[PDB]
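So this one's two forms of a single chain, laid out as structure tokens and tagged structure 1 and structure 2.
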Structure 1
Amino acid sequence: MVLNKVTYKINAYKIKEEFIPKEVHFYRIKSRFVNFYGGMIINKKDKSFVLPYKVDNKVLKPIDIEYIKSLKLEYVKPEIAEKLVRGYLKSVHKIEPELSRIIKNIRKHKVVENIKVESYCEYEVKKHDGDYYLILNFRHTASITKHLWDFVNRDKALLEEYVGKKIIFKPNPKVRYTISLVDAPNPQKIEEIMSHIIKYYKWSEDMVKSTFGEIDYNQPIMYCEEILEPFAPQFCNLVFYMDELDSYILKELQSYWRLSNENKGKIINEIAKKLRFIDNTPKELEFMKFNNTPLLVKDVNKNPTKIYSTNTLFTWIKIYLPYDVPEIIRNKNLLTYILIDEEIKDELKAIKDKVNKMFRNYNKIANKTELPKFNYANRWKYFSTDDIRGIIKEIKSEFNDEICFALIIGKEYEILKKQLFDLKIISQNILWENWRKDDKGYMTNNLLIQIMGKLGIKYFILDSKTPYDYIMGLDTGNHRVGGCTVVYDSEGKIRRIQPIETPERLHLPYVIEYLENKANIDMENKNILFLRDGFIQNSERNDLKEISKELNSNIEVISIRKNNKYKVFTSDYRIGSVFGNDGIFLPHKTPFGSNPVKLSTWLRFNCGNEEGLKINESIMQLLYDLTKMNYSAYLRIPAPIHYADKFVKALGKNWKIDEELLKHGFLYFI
């Protein structure tokens, strides 16, 4: 009991009763996402919505609406009620431009060379014991310090080249807008923007003059793609992707971002005290501690054996063998090539010894296992990092028919691994600089796991059988494909990576049917769990009841959201809890402060029976056990959904869909 439970602070703060609406008002369009007024849309022939206040004149902008009914907040469903409290706070109390001025005062900016780093507030609203809590969090944005108008050297013809690039409006660093149009100067429109900074953002006239300087009224007026309002380059700043930054700058900026969960909690509590709408103390929540379940490998004599971590999996010098080897690859000698960077060709003698030792040790396992061996006699080849197509130009000219492997030794890519696969060649690249500095073979061991997962080998499985016959990871996103499912068995072992062809938007009922009809996987009289990032439409509900009755299967679905607003004020890991019907899942440890996973909308369809399930200790354990099924060298999100995400991203990167290998669970796309 003592070792099983821990109480920790979460980023939830009770909203004061003065700011909670007692009545909601229903309306419908008598004459798009009208989120501006803080509503909740329920579509029909004429769209219908709810507001956290009454619109006395049934019109505002000109859209003419019609009154339906009035209901008390306590009577409406918590999910909607929470969204209406946020809307009331956003639209009536204007929390958004207030949270902006609070953060600037707490989290000041950070300047490194030409770039500046700001912070912005994220917020959600959650219902607990009849009260409402504000989930308050903060993130960061990096922009060009020097504003757009001065950046283009006050030249309109130059500014026109920036059309289609991402910018931020200085007082609002959260929203990254896209420039679309650049037109003639309007001093009236500049005074409109200037008044907005004083009226909405509440900035003093001195603050306008301090940050923007002497306002140029002869400035061009520009328009963005995402909103119909005018923009002026003196008030805007260029934004970019974090990865696009020069390594030298990224390392320097790090210090400002990198904060421990406890240290970050201190800033949220600092921000919470200033916000007049909520209470100053964060919410105390009871968390379960997940049991660190063992894994199952094979003994020297091929018997199942328990191992708690994969860090000892390939520490030969006690000896573990693979649990499963696919029908194709079993006891084969693979035609293997070793592609080396021409820059590091002056160190090949040492590079030969590194790979030869690794495979020489791999062979000690490979001889009494029925594992595939590796053949690289005179197959040592050279390539260039900026060379591009030259390496594959010579590779295409080869006669490879059978599945083959390639180890890529460079000097510091996704492009080469994609082009190499087109000749049925599985590849795992290596950066020599890191492999040369391998302390006690840590990388060498992590390599063997990756190359095996790539070769459909199931080395280790779970020491526990789940009640589900199938755990399916689903993701929906150039090949007439719109998504895929990754199917795992009862022991957490990969079975299939199955792409889904669109008939058109891809939904769950169609996916279940495609799997039965076109994918040849038995989904009748079984216990299926679907893990997805998205949410099921109310219209899909009656259709899901139908399919589950017909198949006679227990079909479940749970939403697993990596990007959420929660944060736990602990350095601890392997913990889980529920707040406002949401699973706060924190499986992993991070040397630079972790972020929880949100778990919601757990539905069940048992032979024509829709039922809503509350987030258990059971599934949270199950979902944790799945984060341990890491074949690529644990995971934040469960393995089924993680590998589905990876496959969908590969499709966008124009990767070959080799069905034969996908059918046997070869993770070549990783």
Structure 2
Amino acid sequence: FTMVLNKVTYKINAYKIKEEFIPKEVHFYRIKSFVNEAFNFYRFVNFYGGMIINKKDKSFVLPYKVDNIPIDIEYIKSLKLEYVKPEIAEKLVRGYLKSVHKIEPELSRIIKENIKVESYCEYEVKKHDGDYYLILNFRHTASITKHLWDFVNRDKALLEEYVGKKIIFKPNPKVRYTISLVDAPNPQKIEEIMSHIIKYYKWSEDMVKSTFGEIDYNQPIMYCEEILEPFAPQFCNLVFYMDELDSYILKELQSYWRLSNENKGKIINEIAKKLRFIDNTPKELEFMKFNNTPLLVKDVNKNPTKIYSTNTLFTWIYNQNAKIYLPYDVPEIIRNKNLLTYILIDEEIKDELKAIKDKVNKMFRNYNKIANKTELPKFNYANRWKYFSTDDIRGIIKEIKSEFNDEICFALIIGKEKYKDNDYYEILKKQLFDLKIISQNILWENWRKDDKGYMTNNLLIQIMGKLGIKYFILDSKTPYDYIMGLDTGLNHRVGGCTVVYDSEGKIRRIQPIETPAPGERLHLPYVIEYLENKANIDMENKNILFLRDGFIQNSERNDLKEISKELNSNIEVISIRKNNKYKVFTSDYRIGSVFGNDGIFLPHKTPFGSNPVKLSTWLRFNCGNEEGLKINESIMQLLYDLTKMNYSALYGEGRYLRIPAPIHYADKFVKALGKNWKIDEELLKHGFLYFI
């Protein structure tokens, strides 16, 4: 039991709901009276804080008794809340608090340059032990007041860099969409879009000019995730969360936006104090601490050696006494090859050419002297030093294209802090890859101050990853033959991606997934069928763990039961949610806990406040059976170990990822494909993270 474990106690944003606000009984009802096709049964029960039992029998459950728009209903049974499954009971208490006790209007009352910032509370109820807790989160939603088209400096390329961002169509800021695709500019469609919204809002033609301004004809025809209708970037606004922003952005802002987890806790406690439904004290929870799992690399004699961090992987570049580390595997496509390298320097930093040259040379000459007489490829950048401007990316692309390589090349981009314009560097990488040039950008200001070799080490880690080099592996082998990260973006040709990891934690495949057919969703049973039949991955007599930011539908459960017996494989699935309502009032990290069946995962150190990752519904399909597994120390350690299989050393908060590498990279590939990056089959098969 818990009396022998290394536990650290920490406060979370869970507050005990008072007795008077917990329903004693749940009540079963069915619609006895007639209902038409436009009835919308799900909305009807959801409004009255209920839940559907059977859609066909029009049966539901309410957290209260109704003594009689609402139609005539038939009472079936009453049941003590205590006899109800914890997951069902939590939602019924939420519905009771929402519908009967009006928690949403009371919460609004408590909380009542070109950025419009809005504040809101989000709530959920959790059953922990025999008690119900309200999860209380306070969020800040900011909106760019300047519209999407002018914001992106009227450039179709900059617009593509916004795929995966949240938007609102100006008149309705209550509907939040996600950019998933673009299209060529058309003056005919621009007229057609305007004419539709004039009709919907009963507008005069004058209204469009008044609302959106001087309309752009050569404007792109944007498209979105939820609605098949065409979008006009001039008519939309970017919407984001202040806590979803990167650390670098946060530094320039005032203290309130970079607040610590402890200080964020003090704000939550203030809302809890004014809320009559809950006790004021936050829930104290016991947390396990994850082990700092070692990594394996090869030594100069190609023998495995224990390493605890990648912070010393390329320390031998500067330090002559530092231990030389060699990769586990280099793909056959780039094995001991002289890669035609390009050195791209931003025009605005031309004065520091002497310091730039001496930095690129001292790094590559020390790398090449070791890359020679080993599997590692060499970088040959002789006479391929070129200047570029962010104002004309197309100009420098026309200069490179003139040289027909038709082979794998590299480009080291030396840039400067241009803020929003930093997306032009991402435009350069994307367009460079269309020409088969893998590239990495670095900010000169930061690299110039790197006297310890820290950034050089991180730059080389990222270059290795982009070249699909399996530098380091996990010291501990898992029961799983495969750990598969899955993201399902799309109603289009390619609807998703699976990033396949082996038992050692190395990328075996970056597998794009084609959607089944028009008018149907990309479900887990179909992904498995696709991997076996169209991707050529042997998935029989295997132990496979799937990682997804999503829940399994009821229809999938039986198909997954059949697939497990058909493959003679153990198929597991766990839900990993980066966007959740939990908050841990601490600056500590490498910690995990379980709150009413949910795993609360806090892996990485952060400069400012950090949000935990929620782990939910760990399922097992084996021998035609379905089994719900309890989130434990074993999986959390495995998930933590997977946040360490990072080659994105130059990005994010520190060395390790917030979310495990298989799911993290699946999401990054889906975004990259949305921004119209090229799909290079050979490279993805070899695990090249060229899109990072």
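Here, rigid core means the biggest group of C-alpha atoms that superpose within 1.5 Å across both forms. The first residue in the sequence of structure 1 is number 1, and each one after it adds one.
> Which residue of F277, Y514, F212, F421 is the mover here, meaning its C-alpha shifts by 2 Å or more between structures 1 and 2 once both are aligned on the rigid core?
Once the cores are aligned, the residue moving by 2 Å or more is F212.
> After the core is overlaid between structures 1 and 2, has the C-alpha of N554 moved by 2 angstroms or more?
No, its C-alpha moves less than 2 Å.
> Would you tell me if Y201 moves between structures 1 and 2 by 2 Å or more at its C-alpha, with the rigid core held superposed?
For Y201, whose C-alpha is compared between structures 1 and 2 after core superposition, the shift is 2 Å or more.
> Does the C-alpha of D46 move 2 Å or more between structures 1 and 2 once the rigid core is lined up?
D46 C-alpha, core-superposed: shift of 2 Å or more.
> What is the Cα shift of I528 between structures 1 and 2 once the core is superposed, in angstrom?
After core superposition, the C-alpha of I528 moves 0.1 Å between structures 1 and 2.
> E342: how big is its Cα shift between structures 1 and 2, in Å, with the core superposed?
The shift comes out to 2.4 Å.
> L159: how large is its C-alpha shift between structures 1 and 2, with the rigid core as the superposition reference, in Å?
The alpha-carbon displacement, core-superposed, is 24.1 Å.
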